Ligand SMILES: c1cnc2[nH]ccc2c1
């Protein structure tokens, strides 16, 4: 049993809810919240900007030190950093950004990072301002992630479309 509430069960391991990942993280304090990161960990907008704003910019300060030491992530890659006030850990995952021309096949590699964690609160990778089709992102998530993932979908209209169209 875990603390996640109000989710619709899609599969054995994937759950979905219309919720802001920031408000959900604040309520649950999950072991792992996933950030929709870019390779530079520049948390300007979308999930990354809202998460970072909720940490009072502490996520960005930590991220800048990580990049200064390690250099940029790979598209499809990830790193584990602090969850600050939102979670124990933040798994920063880089899905391909279609609005930068990145290979959508890298979305499966991105979701494979989730398998290193038993339970996660996450957004749909490469959705929103990353430009991918969220229906596609949910299909790759279900077909790739084997650990227990609780997906937060901010947009109520999109949530309803994801549920209604789910095979
Ligand atoms: C998905 C879930 N929660 C969010 N909060 C801000 C953006 C976003 C996207």
Mean residue ellipticity at 222 nm from the helices of the chain, using -39,500 (n - 2.57) per DSSP H segment of n ≥ 4 over the full residue count, to the nearest 500 deg cm²/dmol?
-10000 deg cm²/dmol
Relative contact order, percent, region 1-65 [alpha-carbon distance under 8 Å, six or more residues apart]
21 percent
Using alpha carbons only, how many angstrom separate the centre of region 1-74 from the centre of region 90-167?
12 Å
Quick one: of the DSSP bridges fully inside the chain, what percent are antiparallel, nearest 5?
30 percent
Average Cα contact separation per residue, the chain, under 8 Å, 6 or more apart, as relative contact order %
29 percent
What is the order of 82, 164, 109, fewest Cβ neighbours within 10 Å to most?
164, 82, 109
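For neighbour counting, all protein chains shown are included, and Cβ atoms are generated from backbone atoms with ideal geometry for every residue, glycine included. Where a number appears in this text, it was derived from the coordinates with a stated rule and is not lab data.
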